[PDB]
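Peer 1: Protein chains in written order, with the authors' numbering: chain A, 8 to 544, 553 to 583, 588 to 611, 629 to 888, 894 to 1194, 1209 to 1265, 1278 to 1302, 1310 to 1384; chain C, 236 to 306; chain D, 236 to 311; chain B, 234 to 301; chain E, 236 to 343, 350 to 399.
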């Protein structure tokens, strides 16, 4: 049945591994359990005599499998039942020969692909790079030996260690997914698959996978997600073993990883579940191996020794002491000898042994220990921190409101200094906050800050799972597993228990009425609140009302109070990190009072941070904000609710073990529970705690008389203690003063965090003069330290759970390959690695598919070549162009796809039939609505992605029962038709502009409805509800299921297998933007009528320029050919790219790229774009007023004066490693025309070619390197069109608008 | 007779209005800083009262001095 | 005889004790404030829960449940 | 003949007042300085020396036992 | 003039009469009552001798009986705190400022670790190769915690 082929079972692990789920399907089948589960608390307590008398398909498969496995193992001995991770070394080396043959079928075809196409992939990479680096380099053009080993071994993916088990686990994974899908539909088919591997049998069901070994008479059982975990880890460590062995600066890691894997697997058999404590230490060794390379002897070798002592101290509790010695010696040998980058690389080994099995009991003990614990804080240190808290609020409100203090209760200003500073309304310095802390801690405030409860609205449209109330709490568990007296208490879920849905069905939702759940203390009257804790290793299940007040308080702190503390958000979390690490001693060592400043760094480890807060410590800090908002009791709700409530750890398969647990107010502080949780919950109330920690960091900076540039997101505190030194001072004095200041500050920071109740450790934290850690990225000496091998472990072979989607699965691989090229790998390696992996992807989906056609085109090898190499805009699968390797996706996509097809034809990869069939392709549907909603595009015939279809369907289903007073004008009866009519009005003119019409409709209220609809949380459990309450249909769902087939056949029909005798007038030797404009015009021609769709295309940055490195004599053969329009790129000679930074030219931060309601800004954006596009006359202003009238409530005489200038206004992932891009000089003088979009890309192209000159095996430079990117002799130099103004023919649509909504309208006339 | 009592009078009046008036502004400023060091006693006791969850309805818009005088 | 400028310097000298005895009753009144304020504090600290061995000044979680049965009050 | 009686009453008045005011105004100073020294001992034993206990329920007893 | 000055002088010295006789018996009694009211605050703040590890985390418990400043702790939380006091009245804190029911928990090197770390320092830091071979050669000869430390401070100085 087709209903059960949409929400597919997932292919990769995105869930915790629960132990007692697996033990339920172990006890439910007939097998004997392991020895470490004999006295278990859930196994001994349940009434299995009723549980085994249901005879659902959930149990009968397990009964037949318990009969089936038991036959191929004898009765002569005892059957050992090894439980994960004690079975890691076996399943690590699993060898099914069947799946090995089934993948070597694919291997043979990939070897055919290399034998047919390897030399044109050589010709491409040796022609494009030759073109961009000129004929002064055409004797220095040799391919990298990452590409060459990829070329001689095409089957890299098949001929490594771990491959023979990677085959096996991918095969068992796809079989179990197919068995789940086939078990969805009610049937009585063969629900069992037996495979045969070297010494034993493998049993596959919807739930379990059971692997047996017959010579040792053992067997292991795996739950549904545990085979996902093994399947992820095998291709993870095998792809690590591929990348770290074919890359020249990484081959020395290849043994060092293959040791440390195969070592710790051997430690799995006896350590067991505790071996992940050894896995959790593997990060600290990669830190300490960077810390071994300090400039001075201090701080070098401290944390490496600490982790080595901790590794010994954990192994000696379990091992013989000789084995702990030998193992510790081995670990210390592996992590020594490594460079800076090669010790950043060993952070890949984190997920590479998998995840420990979880349970509610042992994860509730670790919360009762540190949350129901007594504390004793210092009141006189609370006052010293609260001094800086109130002082920072005073200075933030002063700087925000033009030099005015907040509304102080004026009878509470004590002392002659603070009354003086109020009377002047000046800025408190930190010294006065330290000295006068008794006077400044007691200052009060009045209601001077007016909040806004629903500020963001994206955080209310999240799908956060909501606990059902405490009279129904046993509905959190499987009703199969509750006992009979506890089955009497579960009621039915009328709600969906989602914050996404129950917010939209919320009749009578007023924000200010709902904050009175807190300020009036009714939330603590409320005897229905139950909180539920998650199984993890940050999330909790609250009730509805309490979660709403949680999100509101987060929003109010996040917008009003938190930016007072400087906020220490995409590039501002890496400009304020890369320039912060310019403050190390080694970044500025050419030069080596008040002329230079340097820093040293502390990245700290606070023990159990979020749950060591108490009401006693945060009450006064909350009090200073309840006063500043005019609120009686708002921001201390967390501790006062958790003191009076009892919460538990939430897992279905982990019920309470005692069968006499009915009510939460009677359970003991025991098995799964926490009674009177004094501490916080991670993630919740994060803003207030971050602000208290900033106040404490600044307090300790003042108590040792130093300056600190901290950054903290919780307990991820990174402190840069600075010191300003002389240019003519000795280096030993500099590195002495820094270490003295670091010791003083660290001592005081220990001291001020100890007295508020927070252990930051002396040894666990990482002090260094050189590097620091932020979001698991190590910043060291003004560069970011490489993470290629973390990204290689995420390189996988299925991406998506909504259909058998090959297009999104090739897009995932394309992005991860581009990410490896950013971390520093060659271009020719990564592009051809993308080609080979998209080949493996498209053959992997033909076989192994869990939806049983494709046999026509799947053996056509030049079709599969031309399919994963043609860009996805033109129809194929290659999202990764050759240009995306050099720069970022700014610019027009269509010209780039045609430039790639022009290059692929010019070298001989892609056939000359295929470009001409693109140029002769029949058009698609074509809409004014679609061309407005998606410019840059083509009107080729295409099928819609199941992600887009199902997301849009869920957005339309959830806003059906939308009944809250807020966001009431979001879903109307004709919100489609206004978009259609507005697109028809904007677009159909004398000169069609798609981009500016996209800008206008995005600015008007139609795009506002789109933007607010696009904030809902489309998880899969939301898509399941929106399909179970309004089904997708018959034709759309058949387009969902057969999406990859229809896409592949559509590329085959339209552009590959096609004749197209009426070839057009456009040639193939022209500039590609001509062909993109021809294809846009011819494609939209049944809709446009013949008018030029213009104002879209940009040049391709690679195609435009013909670069040239200068020779020795100076002056280029391109600039001696009669050309002076170029860009000047200079690189100074003799740059050591390593620790010895003595004589480097000045390293700088490299090139990266009011006071109104934003409705008014969107309105003025609409007016500006409309007037600059269609001319400036009062007929245009008549409609532009009507469009801006939709958002705001101003009149025509304000728009003509408030209209901005006619403009171009229509960590996580760093853009690269920065090695020579901090040392390169840019001069855009001679390109007299393009001094916008073109030069922003030409700069990044030049700075990517410069660092593409030097690999990761080169630490020095030897010449000055100059580039002249000449572009006057180019085919793509075309004159900008003459803007001939006209008048918008017709009248704008009515654009009806509700005035009640603050999210969509601004009634105040500005 | 009148001149001797007159000069004894002015000697007594002169030196004692030297030293009493010398003594007064000193003790005046000390009773001043007793005020601003006794006000923060009530302020810190109002801070200490509201940390206990037995007093959570003591709404924050009130005065910490007034919570010291709350009883 | 003439005792004129002697009386004039007496008129000069009485202004010092004028301003200082003018300041005297304000100091006396502020001693009256400090007495009552210190009395309020020694009334308060006798009923706070400073810990001794014996532990009779304990509050439970029932005080949080009992006191939070109302809209929060204003003491100022 | 009247100013004699006037200054005779006057000198004993002025001296009696200001002599019975000197020997109070100076012990006033030493006593108030002793009292400023006295209150700083409460400025430390109440302010600096003060620690805040929360008897966290690190035991096994139900919430209805903790609601007692 | 005699009379016009004598009237104002008599009036102002009567102002001084009204100063003194009201100033003395009131202000001196009020500051005696003020001192008897501050001493009763001083005598109601029962110290308890908190015995933190702080950062100096040495053994020999009596040292933390020695370095232990007294503190008047204030119960600001529900429940019974009595299993965290001592016969004698002293409360020992954790590193997380947690009281502990028995204060013996506060006070609770090898040679392979130190050799491993100094080998990592020699192999990993920038160094001439023969000097690295020399310091590795005179490191397997070492036999105590001392003189590995000599190599450690010899390697970090080149």
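All residues carry an ideal CB built from backbone N, CA and C; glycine is no exception.
What's the call for residue 399/E, buried or exposed, on a 16-neighbour Cβ count within 10 Å?
Peer 2: Within the fifth chain, residue 399/E is the residue found at index 158, counting from 1. Residue 399/E is exposed by the Cβ-count criterion.
Peer 1: Can you list, in chain order, the residues of the segment 370-389 of chain A whose Cβ is nearer than 9 Å to any Cβ on chain B?
Peer 2: 375, 376, 378, 379, 380, 381, 382, 383, 384, 385, 386, 387 and 389
Peer 1: Given residue 215/A, which residues of its chain have a CB within under 6 Å of its CB, disregarding the five upstream and five downstream residues?
Peer 2: For the purposes of this step, residue 215/A is identified with residue 208 of the first chain, where counting begins at 1. Taken in chain order, the residues that qualify are 32 and 228.
Peer 1: Please determine, among 491/A, 1262/A and 473/A, the residue with the shortest C-alpha to C-alpha distance to residue 504/A.
Peer 2: Taking the first residue of the first chain as 1, we reach residue 504/A at position 497. Of the candidates 491/A, 1262/A and 473/A, the one whose C-alpha sits nearest the C-alpha of residue 504/A is 473/A.
Peer 1: Can you tell me which of the three DSSP states residue 534/A falls into?
Peer 2: Locating residue 534/A in the first chain gives position 527, counting from the first residue. Residue 534/A falls in the coil class under three-state DSSP.
Peer 1: List, in chain order, every chain B residue whose beta-carbon is nearer than 9 Å to that of residue 297/D.
Peer 2: Taking the third chain and counting its residues from 1, one reaches residue 297/D at position 62. Under the 9 Å cutoff, chain B gives 299, 300 and 301.
Peer 1: Leaving aside the five residues before and after residue 753/A along the sequence, list all residues of the same chain whose C-beta is less than 6 Å from its C-beta, in chain order.
Peer 2: In the first chain, residue 753/A corresponds to position 717, counting from 1. Within the same chain, and ignoring the five residues on either side of residue 753/A in sequence, the residues whose Cβ sits closer than 6 Å to its Cβ are 640.
Peer 1: Of the choices 313/A, 274/A, 292/A and 386/A, whose alpha-carbon is the least far from that of residue 333/A?
Peer 2: As a working note, residue 333/A is residue 326 in the first chain. Nearest of 313/A, 274/A, 292/A and 386/A to residue 333/A, Cα basis: 274/A.
Peer 1: Please report the straight-line C-alpha distance between residue 1073/A and residue 367/A, rounded to a whole angstrom.
Peer 2: Position 1032 of the first chain holds residue 1073/A. Position 360 of the first chain holds residue 367/A. The straight-line gap from Cα to Cα measures roughly 38 Å.
Peer 1: Rounding to the nearest angstrom, what Cα-Cα distance links residue 931/A and residue 1314/A in this structure?
Peer 2: Looking up residue 931/A in the first chain gives position 890. Looking up residue 1314/A in the first chain gives position 1240. So the alpha carbons of these two residues sit roughly 9 Å apart.
Peer 1: Assign residue 1100/A to one of two classes, buried (16 or more other C-beta atoms within 10 Å of its C-beta) or exposed (fewer than that).
Peer 2: Against the first chain, residue 1100/A aligns to sequence position 1059. By the neighbour-count criterion, in which a residue is buried when 16 or more other Cβ atoms sit within 10 angstroms of its Cβ, residue 1100/A is exposed.
Peer 1: Listing by chain order, which chain E residues have their CB less than 8 Å from the CB of residue 282/B?
Peer 2: Locating residue 282/B in the fourth chain gives position 49, counting from the first residue. The answer, in chain order, is 280, 282, 304, 305, 306 and 307.
Peer 1: Strictly under 8 Å for the Cβ-Cβ distance: is residue 683/A near chain D by that measure?
Peer 2: Translated into positions along the first chain, residue 683/A becomes position 647. Not one chain D Cβ lies under 8 Å of residue 683/A.
Peer 1: Compute the distance between the beta-carbons of residue 944/A and residue 923/A, then report whether it is under 8 Å.
Peer 2: As a position in the first chain, residue 944/A is number 903, starting the count at 1. As a position in the first chain, residue 923/A is number 882, starting the count at 1. Taking 8 Å as the Cβ cut-off, residue 944/A and residue 923/A qualify as a contacting pair.
Peer 1: Rounded to the nearest angstrom, how far is the Cβ of residue 1170/A from that of residue 1293/A, given a contact under 8 Å?
Peer 2: As a first step, residue 1170/A is located in the first chain; it is residue number 1129 there, counting from the start. As a first step, residue 1293/A is located in the first chain; it is residue number 1226 there, counting from the start. Right, the Cβ-Cβ distance comes to about 7 Å (below 8 Å), so this counts as a contact.
Peer 1: With residue 1014/A as the anchor, note down where its beta strand (DSSP E) starts and where it stops.
Peer 2: Reading the first chain from its first residue, position 973 is the one you call residue 1014/A. Looking at the DSSP string, residue 1014/A is not in any beta strand (DSSP E), and its letter there is neither H nor E.
Peer 1: Hey, residue 386/A and residue 414/A: beta-carbon distance below 8 Å or not?
Peer 2: Looking up residue 386/A in the first chain gives position 379. Looking up residue 414/A in the first chain gives position 407. Against a cut-off of 8 Å, the Cβ pair of residue 414/A and residue 386/A comes out as no contact.
Peer 1: Compare the C-beta of residue 311/E against all C-beta atoms of chain A and say whether one is closer than 8 Å.
Peer 2: Looking up residue 311/E in the fifth chain gives position 76. For residue 311/E, the answer is yes, since a Cβ of chain A falls inside 8 Å of its Cβ.
Peer 1: With 7 Å as the limit, tell me which residues of the segment 645-667 of chain A have their beta carbon closer than that to any beta carbon of chain E; keep them in chain order.
Peer 2: 648 and 652
Peer 1: What are the boundary residues of the beta strand (DSSP E) that residue 382/E is part of?
Peer 2: For the purposes of this step, residue 382/E is taken as residue 141 along the fifth chain, with counting starting at 1. Premise fails: residue 382/E is in no beta strand (DSSP E) and is neither H nor E.
Peer 1: With DSSP as the reference, please indicate the residues paired to residue 261/D in a beta bridge.
Peer 2: Indexing the third chain from 1 puts residue 261/D at position 26. Paired residue(s): none; residue 261/D is not in a bridge.
Peer 1: Between which two residues does the alpha helix (DSSP H) harbouring residue 722/A extend?
Peer 2: As a working note, residue 722/A is residue 686 in the first chain. Residue 722/A -> alpha helix (DSSP H) spans 722-739.
Peer 1: Name the DSSP bridge partner or partners of residue 804/A?
Peer 2: Here the question's residue 804/A lines up with position 768 in the first chain. The partner list for residue 804/A (beta bridge, DSSP) reads 637/A.
Peer 1: Among 155/A, 188/A and 602/A, which has the Cα closest to the Cα of residue 759/A?
Peer 2: Working through the first chain from its first residue, we reach residue 759/A at position 723. Of the listed residues, the one whose Cα sits closest to residue 759/A is 602/A.
Peer 1: In the DSSP assignment, find the beta strand (DSSP E) that holds residue 287/B and state where it starts and stops.
Peer 2: Numbered from its first residue, the fourth chain carries residue 287/B at position 54. For residue 287/B, the enclosing beta strand (DSSP E) stretches over residues 284-287.
Peer 1: Is the distance from the Cβ of residue 828/A to the Cβ of residue 784/A below 8 Å?
Peer 2: Against the first chain, residue 828/A aligns to sequence position 792. Against the first chain, residue 784/A aligns to sequence position 748. Contact flag unset, no.
Peer 1: Select from 332/E, 286/E, 293/E and 358/E the residue whose C-alpha is nearest the C-alpha of residue 321/E.
Peer 2: Here residue 321/E corresponds to residue number 86 of the fifth chain, with the count starting at 1. Minimum Cα distance to residue 321/E is reached at 286/E.
Peer 1: Please say whether residue 669/A and residue 528/A have beta carbons closer to each other than 8 Å?
Peer 2: On the first chain, position 521 is the one that residue 528/A refers to. On the first chain, position 633 is the one that residue 669/A refers to. Taking 8 Å as the Cβ cut-off, residue 528/A and residue 669/A qualify as a contacting pair.
Peer 1: Can the beta-carbon of residue 288/E be found less than 8 Å from the beta-carbon of residue 343/E?
Peer 2: The residue given as residue 288/E occupies position 53 in the fifth chain. The residue given as residue 343/E occupies position 108 in the fifth chain. Taking 8 Å as the Cβ cut-off, residue 288/E and residue 343/E do not qualify as a contacting pair.
Peer 1: Pick from 1119/A, 1120/A, 1168/A and 1124/A: whose alpha carbon is nearest that of residue 1142/A?
Peer 2: Position 1101 of the first chain holds residue 1142/A. Here the closest residue by C-alpha is 1168/A.
Peer 1: Cβ of residue 286/C less than 8 Å from any chain F Cβ?
Peer 2: Note that chain F does not occur in the displayed structure, where the protein chains are A, C, D, B and E.
Peer 1: According to DSSP, what are the bridge partners of residue 815/A?
Peer 2: Here the question's residue 815/A lines up with position 779 in the first chain. 808/A and 820/A.
Peer 1: Please name the residue in 416/A, 801/A and 327/A whose C-alpha comes closest to that of residue 298/A.
Peer 2: Translated into the one-based positions of the first chain, residue 298/A becomes position 291. The option with the nearest alpha carbon to residue 298/A is 801/A.
Peer 1: Can you pull the DSSP bridge partners for residue 472/A?
Peer 2: Counting from 1 along the first chain, the entry for residue 472/A is found at position 465. Bridge partners of residue 472/A: 505/A.
Peer 1: On the DSSP bridge assignment, give the partners of residue 328/E in chain order.
Peer 2: The count along the fifth chain starts at 1 and reaches residue 328/E at position 93. Beta-bridge analysis with DSSP links residue 328/E to 334/E.
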